[PDB]
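Chains A, B, C, D and E are the protein sequences, given in the same order.
Per my numbering, the first sequence starts with residue 58, numbered consecutively.
Per my numbering, the second sequence starts with residue 296, numbered consecutively.
Per my numbering, the third sequence starts with residue 14, numbered consecutively.
Per my numbering, the fourth sequence starts with residue 257, numbered consecutively.
Per my numbering, the fifth sequence starts with residue 281, numbered consecutively.
Input: a single structure, listed below in structure tokens.
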Amino acid sequence: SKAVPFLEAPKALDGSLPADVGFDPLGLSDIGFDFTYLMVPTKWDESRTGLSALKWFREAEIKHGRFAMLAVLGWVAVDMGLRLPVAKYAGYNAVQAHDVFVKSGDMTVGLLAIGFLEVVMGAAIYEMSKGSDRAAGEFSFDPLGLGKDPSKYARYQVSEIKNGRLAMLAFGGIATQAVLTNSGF
Amino acid sequence: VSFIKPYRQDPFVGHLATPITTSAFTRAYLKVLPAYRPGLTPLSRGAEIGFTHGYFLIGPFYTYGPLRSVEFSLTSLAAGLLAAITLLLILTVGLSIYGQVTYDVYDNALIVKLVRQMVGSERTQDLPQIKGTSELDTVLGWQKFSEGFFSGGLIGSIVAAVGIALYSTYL
Amino acid sequence: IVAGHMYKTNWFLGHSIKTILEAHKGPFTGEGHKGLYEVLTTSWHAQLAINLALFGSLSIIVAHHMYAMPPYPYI
Amino acid sequence: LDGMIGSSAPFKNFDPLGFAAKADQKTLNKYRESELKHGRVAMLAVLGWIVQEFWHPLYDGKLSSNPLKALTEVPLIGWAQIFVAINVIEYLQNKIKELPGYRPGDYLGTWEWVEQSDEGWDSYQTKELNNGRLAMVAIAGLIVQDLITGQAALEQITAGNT
Amino acid sequence: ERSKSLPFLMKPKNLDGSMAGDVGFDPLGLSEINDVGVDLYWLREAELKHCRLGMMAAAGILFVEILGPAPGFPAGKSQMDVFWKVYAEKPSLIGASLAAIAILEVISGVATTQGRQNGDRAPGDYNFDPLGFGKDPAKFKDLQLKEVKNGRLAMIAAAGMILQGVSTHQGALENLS
Ligand code: CLA
Ligand code: CLA
Ligand SMILES: C/C(C=C=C1C(C)(C)C[C@H](O)C[C@@]1(C)O)=C/C=C/C(C)=C/C=C/C=C(C)/C=C/C=C(/C=C/[C@@]12O[C@]1(C)C[C@@H](O)CC2(C)C)CO
Ligand SMILES: CC(/C=C/C=C(C)/C=C/[C@@]12O[C@]1(C)C[C@@H](O)CC2(C)C)=C\C=C\C=C(C)\C=C\C=C(C)\C=C\[C@@]12O[C@]1(C)C[C@@H](O)CC2(C)C
Ligand SMILES: CC(/C=C/C=C(C)/C=C/[C@@]12O[C@]1(C)C[C@@H](O)CC2(C)C)=C\C=C\C=C(C)\C=C\C=C(C)\C=C\[C@@]12O[C@]1(C)C[C@@H](O)CC2(C)C
């Protein structure tokens, strides 16, 4: 491997996935369970060859990274003010805004909307398991167009996954610390 | 695996080799019983059977008889003992008449071979036929079996009465 | 309603009663329940036997639970 | 440590101290007999420990629910009958042991029907052996805990003496 | 091969291009259902009926809230609560409307099943063009697209109005401001 040199490799981390360095001490990328069956419990389709656990884990990692990046942006925003131009959003930090907004019937709306988007893109994941050429985390979302020049696309890929790992860990710290750089415990 | 098979590889017998008919536990348990224990004369088999049977027969008569006693009574024990002994006498009478009407043999495991070898052109059912080769299947064998049953029944009933008296008195 | 989503009818979802029965063999029971699905799908009398026996048992259970726990006002 | 039944996934042919690498077939049969008897007795002992703790209908209540205390409260004439019954059972087992084709722990005589054993039969025998081993460890722990602490299983757990 | 609406999804097999408003937005593959008497024909008929019903309901709510009720009818600006005021004083009107809608819906279901069986009637077609606004082709497709888009928007709008009236117990434009 290129990290943890005293372990050769998991088994499936050949390098076909971006941002691959070989770091997987527990060998989690070799579970034979096709996690698409957590969505569609049965084979359903006779053409459902199956999805490798590594590809499902890559999709989950990309989704986690995007969620964590947006989450740290939002949590940092509400520490330095920046409230929505509307009533009922006064100042109630981030450790308490979640509960008060769950009370005020709009976190349920956010849950519904996020679930709708998640269901559509999980249908995309299921089609990938069925055998579509779509790669993990690829929703073909390049509106501004900074995704051409394949070298730039690969660099931005590795950038997104590394930034997502950093943002996951940073959000874990921020939520655990209740923020120290911009507020108090 | 299958734990039920035809008995002794004969699919036409009215029997089966179940985990109860032909289990090792069944084999050993029935081979340690007096009726089938090897090395016992018919008198010994009868004596052991009578001892056990009188021993457990005195129980119900003494406990639930017409002369019970929640405390220990010599009259209750005597009544139970007499009832058990008379029941053993009735059983011995039944054994005697059964043996009288069933067998006509004095030495088995031979007559069968004699009539399978030296021919049996007679009235049959004594020379030929002969069900069972055990020593219990003879006139002499069953007579000694009944005698042993009767004597052992008396002795076992007396022993059980003594034990009941000791348990009721010293406990 | 939950129990009604058990047997496979028209989608790749649910159970096949044939596969359930045929898998319930044992050392003491030989082939087990193999062929019982064919018996109960080709004989009305077998279905009537099972249904009538369980139906009478259910009626007796109903009779017991009726007086045991009176379910109607002023009954 | 042979083709014997009882080898499971976590530690296949578990003989770290090499007790079986030098023993002959007779000693290994003795070891299997001892293991199976210990496992069965321990399963019975664990079940009795728990059930006695939360249910002792016999002896008109009394017979304190803590084991190792009811051990000294049974009339001691019921102890004799249990002892004699166990003795007669083991006499019958000894008589079984001389039957032809006897297998170490097989007192049902399954060798009469089971020639060319399957994988289900071996798996069930291994299940019995593993449950017996777990029950041996559990009953040893039960007795030791009750000795050192003085409380029974469900009593020590309920209080929180862990 | 990829759906026009969702580029990360393959083209839904049953939706080629024919129906107005078709952009390939079938992530769950509901167009491939062929059971319980439900297929693409039934789904399209249900969608068109929903579109028309939502358009009528949204237009009615907006009309009553903006221009007020007709003479002799109750007011209140809460369309989800004024229904009980109409029923409290004119129950016969509500009952007659319900009976008429029931008969028309029985006819609609019979027509849907028949047209599905002996294919001669497009889904949602009831030959209702009294003013001849869609006689010629090359305008019928545009009108179908307009109807489908307006009906989907009005479906969403009418569901929103129903939920707002049930929860807030206030008017639609009252909730707006
Ligand atoms: C993980 C993402 C995430 C989540 C869950 C939240 C959650 C919240 N934010 Mg928030 N925020 C985020 C990221 C996030 N933020 C980011 C990245 C920014 C910077 C741009 C902000 C800036 C921000 C401000 C300025 C304010 C909030 C506020 C709030 C709170 C009120 C909103 C509410 O009740 O739910 C409403 C429902 C949701 C938030 C669910 C999101 C559903 C979206 C809208 C669906 C569409 C997503 C979008 C299209 C994604 C595109 C990707 C793909 C389609 C291509 C709530 C706790 C307000 C507050 O009072 O907080 C204390 C407030 O004033 N946030
Ligand atoms: C090693 C096994 C073992 C031993 C030594 C004891 C010992 C004792 N038990 Mg006990 N018990 C056991 C297992 C055991 N138990 C199991 C497995 C159960 C669950 C059914 C119970 C349930 C139980 C209750 C409910 C009670 C006792 C009680 C008692 C005490 C009085 C004796 C009595 O009435 O027993 C009664 C025993 C039974 C009713 C069940 C025994 C069934 C045996 C163990 C199985 C068959 C044995 C068979 C003859 C030999 C196996 C054949 C083959 C494998 C070779 C005594 C300390 C009493 C007491 O005072 O509690 C404090 C009491 O009320 N036990
Ligand atoms: C078998 C069948 C028909 C058929 C067939 C045939 C005949 C065999 C022919 C074919 O061959 C096959 C088939 C299947 O088509 C089935 C019939 C259909 C059903 C089962 C009818 C259901 C209609 C229910 C509706 C549409 C009710 C809506 C309720 C509303 C309430 C309105 C409110 O204002 C109220 C009252 C209170 C207010 O506070 C607020 C709200 C809540 C908004 C909105 O409107
Ligand atoms: C532990 C953790 C991450 C641990 C990472 C580790 C050890 C990584 C170690 C390594 O990298 C190094 C060091 C070096 C590498 O070479 C080797 C490895 C091994 C790879 C994240 C926790 C992450 C923990 C998280 C994210 C917990 C979040 C909790 C939240 C957000 C709570 C939200 C609330 O809603 C509630 C629940 C209630 C509301 O009332 C209030 C609020 C607060 C709003
Ligand atoms: C069903 C109906 C009304 C139903 C109303 C109901 C149930 C309401 C009931 C309630 O309010 C009450 C009572 C009391 C409340 O407490 C309870 C409810 C339940 C709220 C009206 C039909 C009304 C039906 C009408 C008006 C029919 C008119 C028919 C015409 C003109 C026919 C003409 C033709 O027949 C010729 C002449 C020649 C033919 O060849 C051609 C044609 C054209 C077909």
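C-beta: ideal position from N, C-alpha, C; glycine also.
Name, in chain order, the residues that DSSP records as bridge partners for residue i.
i	result
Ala382(E)	Partner(s): none; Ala382(E) has no beta bridge.
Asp422(E)	DSSP lists no partner for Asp422(E).
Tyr20(C)	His28(C)
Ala312(B)	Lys300(B)
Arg282(E)	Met290(E)
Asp315(E)	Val318(E)
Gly39(C)	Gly43(C)
Name the chain A residues that come within less than 8 Å of residue i, Cβ to Cβ?
i	result
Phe41(C)	Chain A residues near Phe41(C): none, gap ~34 Å exceeds 8 Å.
Going along chain C, which residues have a C-beta under 9 Å from residue i?
i	result
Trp113(A)	Going along chain C, no residue has its Cβ under 9 Å from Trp113(A), so there is no contact; the nearest lies around 21 Å.
What span of residues does the alpha helix (DSSP H) with residue i cover, start to end?
i	result
residue 473(B)	Because chain B is modelled from 296 through 466, residue 473(B) falls outside the range shown and cannot be assessed.
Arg212(A)	207 to 234
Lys286(D)	281 to 310
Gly345(B)	337 to 359
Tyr80(C)	57 to 81
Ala66(A)	Looking at the DSSP string, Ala66(A) is not in any alpha helix (DSSP H), and its letter there is neither H nor E.
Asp71(A)	Looking at the DSSP string, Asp71(A) is not in any alpha helix (DSSP H), and its letter there is neither H nor E.
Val393(D)	375 to 405
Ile14(C)	Per DSSP, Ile14(C) belongs to no alpha helix (DSSP H) and is neither H nor E.
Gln153(A)	Per DSSP, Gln153(A) belongs to no alpha helix (DSSP H) and is neither H nor E.
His121(A)	110 to 136
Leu449(B)	434 to 465
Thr418(D)	Segment: none, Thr418(D) is in no alpha helix (DSSP H) and carries neither H nor E.
If residue i and residue j are in contact, beta carbons under 8 Å, what's the gap, nearest whole angstrom?
i	j	result
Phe80(A)	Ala60(A)	4 Å
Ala452(E)	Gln444(E)	6 Å
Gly356(E)	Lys365(E)	7 Å
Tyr50(C)	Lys31(C)	4 Å
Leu64(A)	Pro82(A)	6 Å
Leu257(D)	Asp271(D)	4 Å
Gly361(D)	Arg288(D)	6 Å
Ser320(D)	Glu329(D)	7 Å
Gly415(B)	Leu422(B)	4 Å
Could you work out which residues of chain E lie near residue i, taking near to mean beta carbons separated by less than 9 Å?
i	result
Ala181(A)	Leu286, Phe288, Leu289, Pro307
Report the neighbours of residue i on chain B: residues whose CB is nearer than 8 Å to its CB, in chain order.
i	result
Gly262(D)	Residues of chain B passing the Cβ test: none, with the nearest at roughly 18 Å.
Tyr363(D)	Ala319, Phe320
Check the Cβ of residue i against every Cβ in chain A and list those closer than 7 Å, keeping chain order.
i	result
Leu26(C)	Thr99
Name the chain D residues that come within less than 7 Å of residue i, Cβ to Cβ?
i	result
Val388(B)	The premise fails here: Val388(B) is roughly 33 Å from chain D at the closest Cβ pair, so nothing lies under 7 Å.
Give me the chain E residues within the contact set of residue i, using Cβ-Cβ distance strictly less than 7 Å, ordered along the chain.
i	result
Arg123(A)	None at all; the shortest Cβ gap to chain E is about 15 Å.
In chain C, which residues lie with their C-beta within 7 Å of the C-beta of residue i?
i	result
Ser297(B)	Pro40, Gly43
Counting only Cβ pairs nearer than 9 Å, list the residues of chain D close to residue i.
i	result
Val327(B)	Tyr347, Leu348, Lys351
For residue i, would you say it is in contact with chain H, using Cβ-to-Cβ distances shorter than 8 Å as the test?
i	result
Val177(A)	Judged by its chain identifiers, the structure shown contains no chain H, and its protein chains are A, B, C, D and E.
For residue i, go through chain B and note every residue whose CB falls closer than 9 Å to its CB, in chain order.
i	result
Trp369(D)	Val296, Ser297, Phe298, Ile299, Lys300, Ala312, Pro314, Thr317
Original post:
Of all the residues that make up the stretch 344 to 355 of chain D, which are near chain B by a beta-carbon distance shorter than 7 Å?
Top reply: Of all residues in the stretch 344 to 355 of chain D, only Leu348, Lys351, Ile352, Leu355 come within less than 7 Å of chain B when Cβ atoms are compared, listed by chain position.
**OP:** Could you list the residues in the stretch 51 to 72 of chain C with a C-beta less than 9 Å from some C-beta on chain A, going in chain order?
**Re:** When CB distances to chain A are screened at a threshold of 9 Å, not a single residue of the stretch 51 to 72 of chain C falls below it.
Subject >> Near-chain D residues of the stretch 302 to 324 of chain B - C-beta to any C-beta below 7 Å >> reply: Going along the stretch 302 to 324 of chain B in chain order, one finds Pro314, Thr317, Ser318, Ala319, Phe320, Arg322, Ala323, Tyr324 with a Cβ nearer than 7 Å to chain D.
Subject >> Short-range partners of chain C found in the stretch 92 to 106 of chain A, where Cβ spacing is below 7 Å >> reply: Result list: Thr99, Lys100, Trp101.
**OP:** May I ask you to list, following chain order, the residues of the stretch 180 to 204 of chain A that have a beta carbon less than 7 Å from some beta carbon of chain E?
**Re:** Along the stretch 180 to 204 of chain A, going in chain order, the ones with a CB nearer than 7 Å to a CB of chain E are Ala180, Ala181, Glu184, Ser189, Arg191, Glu195, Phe196, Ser197.
Original post:
For the stretch 371 to 388 of chain D, which residues have a beta carbon sitting closer than 8 Å to at least one beta carbon of chain B?
Top reply: Answer in chain order: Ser373, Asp374, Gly376, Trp377.
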